[PDB]
Amino acid sequence: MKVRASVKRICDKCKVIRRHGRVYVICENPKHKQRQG
Amino acid sequence: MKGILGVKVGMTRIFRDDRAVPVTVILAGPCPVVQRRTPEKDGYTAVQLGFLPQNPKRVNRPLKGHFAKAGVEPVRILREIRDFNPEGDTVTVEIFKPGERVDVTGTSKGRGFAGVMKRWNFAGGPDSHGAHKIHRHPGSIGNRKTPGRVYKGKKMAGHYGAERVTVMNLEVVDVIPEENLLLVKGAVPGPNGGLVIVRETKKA
Amino acid sequence: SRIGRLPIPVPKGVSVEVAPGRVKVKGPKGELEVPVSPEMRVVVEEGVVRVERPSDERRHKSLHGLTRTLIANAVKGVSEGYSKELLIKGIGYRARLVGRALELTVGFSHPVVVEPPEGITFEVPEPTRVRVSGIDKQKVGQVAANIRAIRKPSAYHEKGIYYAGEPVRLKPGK
Amino acid sequence: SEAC
Amino acid sequence: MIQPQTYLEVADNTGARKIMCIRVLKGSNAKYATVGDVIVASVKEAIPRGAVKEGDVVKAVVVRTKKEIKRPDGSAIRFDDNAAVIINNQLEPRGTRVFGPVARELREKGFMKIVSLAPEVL
RNA sequence: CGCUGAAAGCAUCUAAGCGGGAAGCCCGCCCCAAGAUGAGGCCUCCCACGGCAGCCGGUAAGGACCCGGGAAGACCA
RNA sequence: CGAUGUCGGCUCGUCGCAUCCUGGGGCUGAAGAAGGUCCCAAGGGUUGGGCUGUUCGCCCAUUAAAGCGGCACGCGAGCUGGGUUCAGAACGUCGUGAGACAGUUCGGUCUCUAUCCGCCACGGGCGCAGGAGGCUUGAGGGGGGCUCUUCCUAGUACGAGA
RNA sequence: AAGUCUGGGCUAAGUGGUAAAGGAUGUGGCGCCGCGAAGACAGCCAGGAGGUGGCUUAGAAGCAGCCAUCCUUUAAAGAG
Ligand SMILES: [Mg+2]
Ligand SMILES: [Mg+2]
Ligand SMILES: [Mg+2]
Ligand SMILES: [Mg+2]
Ligand SMILES: [Mg+2]
Ligand SMILES: [Mg+2]
Ligand SMILES: [Mg+2]
Ligand SMILES: [Mg+2]
Ligand SMILES: [Mg+2]
Ligand SMILES: [Mg+2]
Ligand SMILES: [Mg+2]
Ligand SMILES: [Mg+2]
Ligand SMILES: [Mg+2]
Ligand SMILES: [Mg+2]
Ligand SMILES: [Mg+2]
Ligand SMILES: [Mg+2]
Ligand SMILES: [Mg+2]
Ligand SMILES: [Mg+2]
Ligand SMILES: [Mg+2]
Ligand SMILES: [Mg+2]
Ligand SMILES: [Mg+2]
Ligand SMILES: [Mg+2]
Ligand SMILES: [Mg+2]
Ligand SMILES: [Mg+2]
Ligand SMILES: [Mg+2]
Ligand SMILES: [Mg+2]
Ligand SMILES: [Mg+2]
Ligand SMILES: [Mg+2]
Ligand SMILES: [Mg+2]
Ligand SMILES: [Mg+2]
Ligand SMILES: [Mg+2]
Ligand SMILES: [Mg+2]
Ligand SMILES: [Mg+2]
Ligand SMILES: [Mg+2]
Ligand SMILES: [Mg+2]
Ligand SMILES: [Mg+2]
Ligand SMILES: [Mg+2]
Ligand SMILES: [Mg+2]
Ligand SMILES: [Mg+2]
Ligand SMILES: [Mg+2]
Ligand SMILES: [Mg+2]
Ligand SMILES: [Mg+2]
Ligand SMILES: [Mg+2]
Ligand SMILES: [Mg+2]
Ligand SMILES: [Mg+2]
Ligand SMILES: [Mg+2]
Ligand SMILES: [Mg+2]
Ligand SMILES: [Mg+2]
Ligand SMILES: [Mg+2]
Ligand SMILES: [Mg+2]
Ligand SMILES: [Mg+2]
Ligand SMILES: [Mg+2]
Ligand SMILES: [Mg+2]
Ligand SMILES: [Mg+2]
Ligand SMILES: [Mg+2]
Ligand SMILES: [Mg+2]
Ligand SMILES: [Mg+2]
Ligand SMILES: [Mg+2]
Ligand SMILES: [Mg+2]
Ligand SMILES: [Mg+2]
Ligand SMILES: [Mg+2]
Ligand SMILES: [Mg+2]
Ligand SMILES: [Mg+2]
Ligand SMILES: [Mg+2]
Ligand SMILES: [Mg+2]
Ligand SMILES: [Mg+2]
Ligand SMILES: [Mg+2]
Ligand SMILES: [Mg+2]
Ligand SMILES: [Mg+2]
Ligand SMILES: [Mg+2]
Ligand SMILES: [Mg+2]
Ligand SMILES: [Mg+2]
Ligand SMILES: [Mg+2]
Ligand SMILES: [Mg+2]
Ligand SMILES: [Mg+2]
Ligand SMILES: [Mg+2]
Ligand SMILES: [Mg+2]
Ligand SMILES: [Mg+2]
Ligand SMILES: [Mg+2]
Ligand SMILES: [Mg+2]
Ligand SMILES: [Mg+2]
Ligand SMILES: [Mg+2]
Ligand SMILES: [Mg+2]
Ligand SMILES: [Mg+2]
Ligand SMILES: [Mg+2]
Ligand SMILES: [Mg+2]
Ligand SMILES: [Mg+2]
Ligand SMILES: [Mg+2]
Ligand SMILES: [Mg+2]
Ligand SMILES: [Mg+2]
Ligand SMILES: [Mg+2]
Ligand SMILES: [Mg+2]
Ligand SMILES: [Mg+2]
Ligand SMILES: [Mg+2]
Ligand SMILES: [Mg+2]
Ligand SMILES: [Mg+2]
Ligand SMILES: [Mg+2]
Ligand SMILES: [Mg+2]
Ligand SMILES: [Mg+2]
Ligand SMILES: [Mg+2]
Ligand SMILES: [Mg+2]
Ligand SMILES: [Mg+2]
Ligand SMILES: [Mg+2]
Ligand SMILES: [Mg+2]
Ligand SMILES: [Mg+2]
Ligand SMILES: [Mg+2]
Ligand SMILES: [Mg+2]
Ligand SMILES: [Mg+2]
Ligand SMILES: [Mg+2]
Ligand SMILES: [Mg+2]
Ligand SMILES: [Mg+2]
Ligand SMILES: [Mg+2]
Ligand SMILES: [Mg+2]
Ligand SMILES: [Mg+2]
Ligand SMILES: [Mg+2]
Ligand SMILES: [Mg+2]
Ligand SMILES: [Mg+2]
Ligand SMILES: [Mg+2]
Ligand SMILES: [Mg+2]
Ligand SMILES: [Mg+2]
Ligand SMILES: [Mg+2]
Ligand SMILES: [Mg+2]
Ligand SMILES: [Mg+2]
Ligand SMILES: [Mg+2]
Ligand SMILES: [Mg+2]
Ligand SMILES: [Mg+2]
Ligand SMILES: [Mg+2]
Ligand SMILES: [Mg+2]
Ligand SMILES: [Mg+2]
Ligand SMILES: [Mg+2]
Ligand SMILES: [Zn+2]
C-alpha cells in the first residue's frame with residue numbers, strides 16, 4: 001500500500017473506490033494499491 | 001475458590017528429592033463457619049470464618065448474639081472468604097493437598113516514617129565531591145512555573161509497611177492434618193504471630 | 001441495467017411470506033429469512049416475487065437492487081442449495097474428515113481441525129478436494145474463506161489451499 | 001546572580 | 001561476582017597470567033558474572049611467547065570465584081581466587097591444560113572439555 | 001484482510017447486513033476506597049427513663065479516661 | 001534592570017510522537033533466512049565504559065534497542081561549581097601609555113528555621129435521624145504492563161549450494 | 001432575558017466548532033459534445049485465422065533487441 005495525498009489511477013485496470021470515508025485505488029497490480037492520507 | 005485463616009509460625013527448609021526447600025509454616029485451621037453471605041440476603045457469595053478461641057468473659061453482648069445464631073464458641077477473629085460455600089460447618093487444612101498453589105495475604109512489617117531511599121529505592125546524593133547535606137535527599141520534586149506544582153502520587157517520604165500485601169502462587173509443600181499445619185514454599189508477608197489468609201491460587 | 005426490477009422466479013414448491021422488514025423463504029432443504037428495508041415493497045405473485053422501490057433517490061435505488069438479490073439467493077438456497085469446492089495443492093498436503101469435523105494436513109507442525117457451524121456440511125471426496133455445503137450463500141462463503149485462509153496460495157509455488165477455478169499466478173525466484 |  | 005574492572009587469574013596454559021573483565025556477556029546489562037558465565041576481558045599480564053599477549057581482547061569462562069556460589073542441595077562452595085579459562089567463539093579451551101579445581105556448574109553450562117582437563121571437579 | 005452486496009446487468013470489504021484482526025483500549029490481577037454529603041448493605045446488642053426535631057439530669061448497649069506492653073509508632077493513631 | 005540566578009552535570013520525574021526496540025500490517029527489484037520502504041501503535045523498554053567543563057560528537061565492549069524533542073535550553077529557597085562571570089598573576093596579540101581581548105593559562109565567599117498554594121504521610125472535629133459492636137458492597141481511583149537465548153517440531157518447507 | 005417561531009432549499013462531515021497547493025464514482029443542481037433501437041454501454045455465447053514473421057538471435061517464430069510494424073481468405077483477426 002502506498003499512502004499519499006495525490007491518489008491517482010496508474011493503469012487501465014486501476015479502480016478508484018471510496019470506503020469508510022477514505023478514498024482508495026484498488027487494482028490487479030499489487031504495487032498500485034493506494035490509500036489517501 | 002476456597003480459603004482459610006492462618007497464623008504465621010516461622011521459616012525452615014526441608015529436603016525433597018535431594019533439594020533444599022525453604023518453607024513458611026502456617027497454622028491454618030480450624031475455622032468454623034459463623035455466617036453465610038447469600039445473594040438473597042447480602043448480594044454476594046462468601047463465608048465468614050472464625051479463628052482462635054476467645055475468653056467468653058472478653059466478648060461483649062453484640063458479639064455474643066452473633067455467635068449464638070451459629071452456635072459456636074467465641075473466636076478471636078472474624079474474616080470473610082469470598083465466593084466460597086463449603087459443605088460442612090468447619091474448614092481445616094485438608095482443603096489443600098500438597099502440590100496445589102496458594103495465595104497468602106498478611107500485614108507486612110512496618111518501617112514507620114520511611115525515607116525515600118528505603119521507601120522507593122531512590123539513589124540519594126553523592127557522599128563526597130562537594131555534596132552538601134543532601135546525601136539521602138530526593139533531589140528535585142518538579143519543574144518551574146509550568147505546571148508550577150507537584151504531581152499527585154509523587155514518590156516522597158512517609159509511612160511504609162504495615163500494609164496489606166498478598167503474595168501469589170505459592171506451592172503447598174506439605175499438609176499435616178494432625179497439627180493444623182500448612183507448609184508453603186517461600187516467603188509470606190508479616191511477622192511470626194501475624195494473621196494470614198490462605199486462598200487457592202488465581203494464576204492459571 | 002436493473003437488478004431490482006428483474007422478477008424473481010420461485011420454483012414449486014417454495015413458500016414465500018412477507019413480514020414487516022422481513023421475508024421468510026421455506027423450501028425443500030430448509031428455511032432462511034431475509035431482512036429487508038421497510039422502504040422497499042415485497043409483493044407475491046404467481047410463482048414470482050418482485051420488489052418495488054418508492055422513489056428514485058439514490059438510497060432507494062441502492063436498496064432496491066440489493067433487496068432483489070437477497071430474496072433470490074435465499075430462494076435458490078432452500079431449493080437447489082449452495083456449495084464451494086477447494087483444491088489442496090502441495091507434495092505433502094492432504095486432508096480428511098474426522099466425524100463431521102474437517103482435519104487439514106498442510107505443512108505445519110500440527111494438523112488443523114475445522115468444525116462445521118450449524119447449516120454447514122463438510123465433505124472430502126479425495127484427500128485433495130473439499131466441499132462446503134449449505135443453504136445460506138453468505139455463510140457457505142465465509143466458511144470456505146476461513147478454510148482457505150489457513151494456508152493461502154503461495155506467491156512462488158503451487159502449494160496451499162485454492163478456490164476451485166482460482167488461477168495459479170506465480171512470480172520467479174532467482 | 002552574577003549576570004554578566 | 002565478577003564485573004567490569006575485576007581482575008581474574010588464568011587457570012590454563014594459554015600464556016595469559018591476569019585478565020581484566022570488560023564485559024559480562026549475559027544479556028543487555030548483567031551486573032555480575034559467576035561460574036559458567038563468559039566475559040570479555042583485556043589481557044593485563046602475559047608470559048612471553050604465549051598464544052595470547054598483553055593488550056589482547058579475548059573471551060574466557062569463569063571457573064572459580066571468591067564469592068561463594070550456592071546450590072539446590074543447600075550447600076555452597078568458595079575458592080580463594082577468581083579464575084577463568086580462555087575460550088574461542090565455540091566455548092572450547094584455547095589452551096591444552098587446565099590448572100586448579102573448577103566448579104561442577106561448568107558441566108551443566110556445556111564446558112565439558114575444560115571439565116575433563118580439570119584435575120579436580122568440586 | 002475478508003463474506004455476502006447494490007447504486008452502476010460487470011466490478012466493488014459498504015451504501016443494508018456479517019466476519020477476522022495489535023506488546024495498544026475495556027475488563028480480568030494486586031492495593032486504596034461510602035466525606036460515593038448520591039455519606040450504601042448484612043449480622044448482632046440496648047430501648048419506650050425522670051423534670052417548663054427543643055430542654056436538662058440519672059442510666060442503657062456500649063465507649064473513653066488511667067495503667068502493663070507491642071516486629072504498631074515522631075506526638076496522635 | 002526598588003534583580004524573572006545564567007552553561008553543563010547529579011537527583012527526580014512527567015509529557016508529545018515525526019517510533020530506536022518489542023507487538024500488528026500492506027508493497028517489495030519479498031525463494032528461504034535476513035533486509036529496504038510505508039501504514040497502525042506511546043504499554044513497557046531504550047546498558048557499561050575511554051576523551052573533553054562540555055552539550056554534541058568520536059572511540060571500546062556489549063545489546064531486542066542503544067530513539068528524537070517539550071516541560072523557564074524541566075529541575076541552584078534540591079545538591080554541585082568543572083565552565084562561564086569582578087577583584088591576583090602570566091603568555092600571544094593590540095595600544096606611546098593607562099589598559100584591552102565569547103583568545104588561552106593557574107587561583108578564586110553559592111544565604112541553619114517554609115506563612116499561603118501544591119505534594120508525601122498522620123491525626124482532631126462534626127456529619128451520615130435512635131444510639132451502639134462487629135462483618136462487608138465497590139462508585140471511583142492507583143500499581144503493574146519489558147524482553148532475550150537455547151531445544152523440539154526439522155536439518156524438514158524453501159534453495160544449485162551456502 | 002426573549003421563538004424548541006413561519007416558509008423554500010442544502011449538509012451527514014458533529015462539517016458547523018480555525019489552514020494551502022493538490023487528489024477523489026461524496027452529494028445536490030445546471031450546461032455541452034459522442035454513441036445508441038442504421039439496437040448502443042456492461043456481461044455473456046462466440047469466431048479469434050493466416051503467407052509465418054524478417055536485421056535480432058544456438059530459437060525471440062504475437063508473446064528478448066528491432067527495420068518498416070508488408071500483405072492478405074475476410075463479418076473480423078493485431079505478421080499482436
Ligand atoms: Mg505522484
Ligand atoms: Mg479490481
Ligand atoms: Mg527467627
Ligand atoms: Mg515431601
Ligand atoms: Mg489481616
Ligand atoms: Mg505489621
Ligand atoms: Mg521486611
Ligand atoms: Mg517501626
Ligand atoms: Mg532517603
Ligand atoms: Mg523499597
Ligand atoms: Mg521498599
Ligand atoms: Mg535502598
Ligand atoms: Mg547513586
Ligand atoms: Mg548516582
Ligand atoms: Mg549512595
Ligand atoms: Mg557523608
Ligand atoms: Mg560548598
Ligand atoms: Mg557548603
Ligand atoms: Mg544543604
Ligand atoms: Mg556532608
Ligand atoms: Mg521559579
Ligand atoms: Mg530554575
Ligand atoms: Mg499551574
Ligand atoms: Mg500505619
Ligand atoms: Mg505491596
Ligand atoms: Mg512457576
Ligand atoms: Mg501478617
Ligand atoms: Mg493480631
Ligand atoms: Mg477470513
Ligand atoms: Mg597460571
Ligand atoms: Mg592456577
Ligand atoms: Mg607472548
Ligand atoms: Mg603492556
Ligand atoms: Mg604494549
Ligand atoms: Mg584457555
Ligand atoms: Mg575429569
Ligand atoms: Mg476479492
Ligand atoms: Mg464479493
Ligand atoms: Mg454485482
Ligand atoms: Mg454498513
Ligand atoms: Mg468485525
Ligand atoms: Mg474480536
Ligand atoms: Mg506479554
Ligand atoms: Mg478494603
Ligand atoms: Mg458510611
Ligand atoms: Mg468500606
Ligand atoms: Mg447534603
Ligand atoms: Mg445529603
Ligand atoms: Mg442523604
Ligand atoms: Mg458527585
Ligand atoms: Mg452505614
Ligand atoms: Mg501512640
Ligand atoms: Mg509508647
Ligand atoms: Mg503527647
Ligand atoms: Mg508515644
Ligand atoms: Mg493522652
Ligand atoms: Mg533585569
Ligand atoms: Mg523589593
Ligand atoms: Mg520587588
Ligand atoms: Mg536576577
Ligand atoms: Mg530583590
Ligand atoms: Mg525575588
Ligand atoms: Mg553522579
Ligand atoms: Mg524528558
Ligand atoms: Mg504515527
Ligand atoms: Mg513488526
Ligand atoms: Mg515493529
Ligand atoms: Mg533470497
Ligand atoms: Mg523473510
Ligand atoms: Mg515490512
Ligand atoms: Mg503503507
Ligand atoms: Mg511506547
Ligand atoms: Mg518513550
Ligand atoms: Mg583512567
Ligand atoms: Mg567522562
Ligand atoms: Mg562527552
Ligand atoms: Mg545544552
Ligand atoms: Mg565537541
Ligand atoms: Mg534484530
Ligand atoms: Mg544494532
Ligand atoms: Mg553511552
Ligand atoms: Mg529533550
Ligand atoms: Mg528525551
Ligand atoms: Mg516552550
Ligand atoms: Mg532555546
Ligand atoms: Mg540558549
Ligand atoms: Mg537548566
Ligand atoms: Mg536549572
Ligand atoms: Mg546554589
Ligand atoms: Mg545548575
Ligand atoms: Mg528553583
Ligand atoms: Mg529559589
Ligand atoms: Mg526550590
Ligand atoms: Mg524559587
Ligand atoms: Mg532535595
Ligand atoms: Mg571556577
Ligand atoms: Mg575552556
Ligand atoms: Mg608579547
Ligand atoms: Mg594610541
Ligand atoms: Mg600602532
Ligand atoms: Mg608595544
Ligand atoms: Mg579575559
Ligand atoms: Mg568570554
Ligand atoms: Mg570578556
Ligand atoms: Mg576562538
Ligand atoms: Mg580562560
Ligand atoms: Mg596561557
Ligand atoms: Mg580561569
Ligand atoms: Mg589552591
Ligand atoms: Mg572553586
Ligand atoms: Mg548553615
Ligand atoms: Mg506551612
Ligand atoms: Mg528545608
Ligand atoms: Mg497562595
Ligand atoms: Mg496546607
Ligand atoms: Mg477523620
Ligand atoms: Mg448511615
Ligand atoms: Mg447510625
Ligand atoms: Mg460499627
Ligand atoms: Mg448493594
Ligand atoms: Mg471490599
Ligand atoms: Mg472500579
Ligand atoms: Mg471523588
Ligand atoms: Mg504489556
Ligand atoms: Mg533438525
Ligand atoms: Mg514437517
Ligand atoms: Mg421547528
Ligand atoms: Mg470526517
Ligand atoms: Mg464539532
Ligand atoms: Mg472539525
Ligand atoms: Zn493498476
# chains A, B, ... in the order shown; residues from 1 in each chain; ligands from 1
>>> residues_around(residues="residue A:1", least_positions_apart="5", cutoff="12 Å", atoms="only C-alpha atoms (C1' of nucleotides)", output="PyMOL selection string")
(chain A and resi 7+24-27+29-37) or (chain G and resi 25-28+37-39)
>>> write_last_selection(atoms="C-alpha atoms (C1' of nucleotides)", output="PDB file, in the first residue's frame")
ATOM      1  CA  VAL A   7      -4.127   9.130  -5.190  1.00  0.00           C
ATOM      2  CA  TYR A  24      -8.772   4.097  -2.288  1.00  0.00           C
ATOM      3  CA  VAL A  25      -7.294   2.845  -5.546  1.00  0.00           C
ATOM      4  CA  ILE A  26      -7.555  -0.955  -5.947  1.00  0.00           C
ATOM      5  CA  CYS A  27      -6.136  -2.925  -8.847  1.00  0.00           C
ATOM      6  CA  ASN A  29      -1.321  -4.958  -9.812  1.00  0.00           C
ATOM      7  CA  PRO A  30      -0.445  -5.020  -6.076  1.00  0.00           C
ATOM      8  CA  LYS A  31       2.021  -2.147  -6.493  1.00  0.00           C
ATOM      9  CA  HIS A  32      -0.961   0.017  -7.490  1.00  0.00           C
ATOM     10  CA  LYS A  33      -2.870  -0.310  -4.205  1.00  0.00           C
ATOM     11  CA  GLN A  34      -3.353   3.232  -2.860  1.00  0.00           C
ATOM     12  CA  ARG A  35      -4.953   4.996   0.102  1.00  0.00           C
ATOM     13  CA  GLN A  36      -5.291   8.741   0.550  1.00  0.00           C
ATOM     14  CA  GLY A  37      -3.853  10.326   3.667  1.00  0.00           C
TER      15      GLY A  37
ATOM     16  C1'   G G  25       0.224  -4.891   8.966  1.00  0.00           C
ATOM     17  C1'   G G  26       0.490  -3.643   3.154  1.00  0.00           C
ATOM     18  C1'   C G  27       4.185  -3.179  -1.018  1.00  0.00           C
ATOM     19  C1'   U G  28       8.967  -5.365  -2.448  1.00  0.00           C
ATOM     20  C1'   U G  37      10.086   1.426   2.150  1.00  0.00           C
ATOM     21  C1'   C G  38       5.376   2.914   4.070  1.00  0.00           C
ATOM     22  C1'   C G  39       0.995   2.265   7.462  1.00  0.00           C
TER      23        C G  39
END
>>> residues_near_ligand(ligand="ligand 46", cutoff="9 Å", atoms="only C-alpha atoms (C1' of nucleotides) and all ligand atoms", output="MDAnalysis selection string")
(chainID F and resid 33:34) or (chainID G and resid 136:138)
>>> write_last_selection(atoms="N, CA, C and O atoms (P, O5', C5', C4', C3', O3' and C1' of nucleotides)", output="PDB file, in the first residue's frame")
ATOM      1  P     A F  33      -8.714   1.970  52.919  1.00  0.00           P
ATOM      2  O5'   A F  33      -9.911   2.551  52.037  1.00  0.00           O
ATOM      3  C5'   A F  33     -10.226   3.939  52.044  1.00  0.00           C
ATOM      4  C4'   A F  33     -11.175   4.324  50.925  1.00  0.00           C
ATOM      5  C3'   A F  33     -12.592   3.782  50.997  1.00  0.00           C
ATOM      6  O3'   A F  33     -13.447   4.490  51.874  1.00  0.00           O
ATOM      7  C1'   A F  33     -11.764   3.448  48.832  1.00  0.00           C
ATOM      8  P     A F  34     -14.839   3.819  52.315  1.00  0.00           P
ATOM      9  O5'   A F  34     -15.920   4.451  51.340  1.00  0.00           O
ATOM     10  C5'   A F  34     -15.977   5.856  51.137  1.00  0.00           C
ATOM     11  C4'   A F  34     -17.344   6.408  51.431  1.00  0.00           C
ATOM     12  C3'   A F  34     -17.894   6.092  52.822  1.00  0.00           C
ATOM     13  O3'   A F  34     -18.719   7.169  53.250  1.00  0.00           O
ATOM     14  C1'   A F  34     -19.349   5.225  51.192  1.00  0.00           C
TER      15        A F  34
ATOM     16  P     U G 136     -14.743  -8.882  56.536  1.00  0.00           P
ATOM     17  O5'   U G 136     -15.925  -9.041  55.480  1.00  0.00           O
ATOM     18  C5'   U G 136     -15.928  -8.296  54.281  1.00  0.00           C
ATOM     19  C4'   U G 136     -17.314  -7.821  53.931  1.00  0.00           C
ATOM     20  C3'   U G 136     -17.429  -7.036  52.634  1.00  0.00           C
ATOM     21  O3'   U G 136     -17.486  -7.888  51.501  1.00  0.00           O
ATOM     22  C1'   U G 136     -18.732  -6.014  54.358  1.00  0.00           C
ATOM     23  P     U G 137     -16.722  -7.498  50.142  1.00  0.00           P
ATOM     24  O5'   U G 137     -17.806  -6.670  49.327  1.00  0.00           O
ATOM     25  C5'   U G 137     -19.073  -7.233  49.016  1.00  0.00           C
ATOM     26  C4'   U G 137     -19.964  -6.223  48.339  1.00  0.00           C
ATOM     27  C3'   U G 137     -19.315  -5.412  47.231  1.00  0.00           C
ATOM     28  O3'   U G 137     -19.349  -6.095  45.989  1.00  0.00           O
ATOM     29  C1'   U G 137     -20.566  -3.990  48.674  1.00  0.00           C
ATOM     30  P     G G 138     -18.055  -6.174  45.039  1.00  0.00           P
ATOM     31  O5'   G G 138     -17.822  -4.673  44.562  1.00  0.00           O
ATOM     32  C5'   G G 138     -18.840  -3.947  43.879  1.00  0.00           C
ATOM     33  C4'   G G 138     -18.546  -2.465  43.851  1.00  0.00           C
ATOM     34  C3'   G G 138     -17.279  -2.065  43.090  1.00  0.00           C
ATOM     35  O3'   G G 138     -17.479  -0.809  42.445  1.00  0.00           O
ATOM     36  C1'   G G 138     -17.119  -1.327  45.329  1.00  0.00           C
TER      37        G G 138
END
>>> residues_near_ligand(ligand="ligand 125", cutoff="12 Å", atoms="only C-alpha atoms (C1' of nucleotides) and all ligand atoms", output="PDB file with N, CA and C atoms (P, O5', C5', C4', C3', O3' and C1' of nucleotides), in the first residue's frame")
ATOM      1  P     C G 151      19.837 -24.738  19.460  1.00  0.00           P
ATOM      2  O5'   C G 151      18.797 -25.795  20.049  1.00  0.00           O
ATOM      3  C5'   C G 151      19.240 -26.866  20.871  1.00  0.00           C
ATOM      4  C4'   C G 151      18.090 -27.600  21.509  1.00  0.00           C
ATOM      5  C3'   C G 151      17.067 -28.206  20.554  1.00  0.00           C
ATOM      6  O3'   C G 151      17.477 -29.482  20.073  1.00  0.00           O
ATOM      7  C1'   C G 151      15.959 -27.019  22.301  1.00  0.00           C
ATOM      8  P     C G 152      17.132 -29.991  18.577  1.00  0.00           P
ATOM      9  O5'   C G 152      15.583 -30.373  18.642  1.00  0.00           O
ATOM     10  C5'   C G 152      15.124 -31.384  19.531  1.00  0.00           C
ATOM     11  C4'   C G 152      13.619 -31.400  19.642  1.00  0.00           C
ATOM     12  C3'   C G 152      12.847 -31.414  18.333  1.00  0.00           C
ATOM     13  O3'   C G 152      12.772 -32.706  17.760  1.00  0.00           O
ATOM     14  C1'   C G 152      11.855 -29.875  19.841  1.00  0.00           C
ATOM     15  P     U G 153      12.987 -32.908  16.183  1.00  0.00           P
ATOM     16  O5'   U G 153      11.695 -32.261  15.525  1.00  0.00           O
ATOM     17  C5'   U G 153      10.434 -32.901  15.621  1.00  0.00           C
ATOM     18  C4'   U G 153       9.306 -31.935  15.357  1.00  0.00           C
ATOM     19  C3'   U G 153       9.205 -31.381  13.943  1.00  0.00           C
ATOM     20  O3'   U G 153       8.549 -32.259  13.048  1.00  0.00           O
ATOM     21  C1'   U G 153       8.966 -29.621  15.512  1.00  0.00           C
ATOM     22  P     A G 154       9.361 -33.271  12.096  1.00  0.00           P
ATOM     23  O5'   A G 154      10.600 -32.453  11.535  1.00  0.00           O
ATOM     24  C5'   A G 154      11.528 -33.092  10.664  1.00  0.00           C
ATOM     25  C4'   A G 154      12.851 -32.375  10.635  1.00  0.00           C
ATOM     26  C3'   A G 154      13.634 -32.426  11.942  1.00  0.00           C
ATOM     27  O3'   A G 154      15.032 -32.409  11.657  1.00  0.00           O
ATOM     28  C1'   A G 154      13.112 -30.176  11.418  1.00  0.00           C
ATOM     29  P     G G 155      15.944 -33.696  11.962  1.00  0.00           P
ATOM     30  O5'   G G 155      17.387 -33.247  11.463  1.00  0.00           O
ATOM     31  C5'   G G 155      17.734 -33.273  10.084  1.00  0.00           C
ATOM     32  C4'   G G 155      17.300 -32.015   9.371  1.00  0.00           C
ATOM     33  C3'   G G 155      17.823 -31.851   7.939  1.00  0.00           C
ATOM     34  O3'   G G 155      16.836 -31.147   7.188  1.00  0.00           O
ATOM     35  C1'   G G 155      18.481 -30.008   9.211  1.00  0.00           C
ATOM     36  P     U G 156      16.849 -31.143   5.584  1.00  0.00           P
ATOM     37  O5'   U G 156      15.299 -31.222   5.211  1.00  0.00           O
ATOM     38  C5'   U G 156      14.559 -32.417   5.404  1.00  0.00           C
ATOM     39  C4'   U G 156      13.125 -32.140   5.791  1.00  0.00           C
ATOM     40  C3'   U G 156      12.396 -31.063   4.997  1.00  0.00           C
ATOM     41  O3'   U G 156      11.883 -31.530   3.761  1.00  0.00           O
ATOM     42  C1'   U G 156      12.041 -30.706   7.298  1.00  0.00           C
TER      43        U G 156
END
>>> residues_around(residues="residue E:116", least_positions_apart="6", cutoff="12 Å", atoms="only C-alpha atoms (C1' of nucleotides)", output="PyMOL selection string")
chain E and resi 92-93+96-99+101-104+106-107+110
>>> write_last_selection(atoms="C-alpha atoms", output="short mmCIF file (atom, residue, chain, number, x, y, z; two decimals), in the first residue's frame")
data_model
loop_
_atom_site.label_atom_id
_atom_site.label_comp_id
_atom_site.auth_asym_id
_atom_site.auth_seq_id
_atom_site.Cartn_x
_atom_site.Cartn_y
_atom_site.Cartn_z
CA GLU E 92 36.30 -24.58 23.56
CA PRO E 93 39.52 -24.04 25.54
CA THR E 96 45.72 -27.52 26.23
CA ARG E 97 45.81 -27.71 30.06
CA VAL E 98 43.58 -26.51 32.90
CA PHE E 99 45.13 -25.69 36.27
CA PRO E 101 39.89 -27.18 40.52
CA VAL E 102 36.81 -25.94 38.70
CA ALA E 103 33.20 -25.94 39.76
CA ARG E 104 30.74 -28.67 38.75
CA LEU E 106 30.54 -25.73 34.30
CA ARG E 107 29.28 -29.18 33.28
CA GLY E 110 28.28 -27.07 28.41
#
>>> select_by_dssp(residues="chain E", states="strand (DSSP E)", output="ChimeraX atom specification")
/E:7-10,16-24,38-46,57-64,69-70,76-77,83-87
>>> closest_atom_pairs(of="chain G", to="ligand 97", cutoff="10 Å", atoms="only C-alpha atoms (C1' of nucleotides) and all ligand atoms", output="JSON lines")
{"residue": "G:52", "atom": "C1'", "partner": "ligand 97", "partner_atom_place_in_ligand_line": "1 (Mg)", "distance": 9.7}
{"residue": "G:53", "atom": "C1'", "partner": "ligand 97", "partner_atom_place_in_ligand_line": "1 (Mg)", "distance": 7.2}
{"residue": "G:54", "atom": "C1'", "partner": "ligand 97", "partner_atom_place_in_ligand_line": "1 (Mg)", "distance": 8.6}
{"residue": "G:82", "atom": "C1'", "partner": "ligand 97", "partner_atom_place_in_ligand_line": "1 (Mg)", "distance": 9.7}
{"residue": "G:83", "atom": "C1'", "partner": "ligand 97", "partner_atom_place_in_ligand_line": "1 (Mg)", "distance": 6.7}
{"residue": "G:84", "atom": "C1'", "partner": "ligand 97", "partner_atom_place_in_ligand_line": "1 (Mg)", "distance": 9.1}
{"residue": "G:104", "atom": "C1'", "partner": "ligand 97", "partner_atom_place_in_ligand_line": "1 (Mg)", "distance": 8.3}
{"residue": "G:105", "atom": "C1'", "partner": "ligand 97", "partner_atom_place_in_ligand_line": "1 (Mg)", "distance": 10.0}
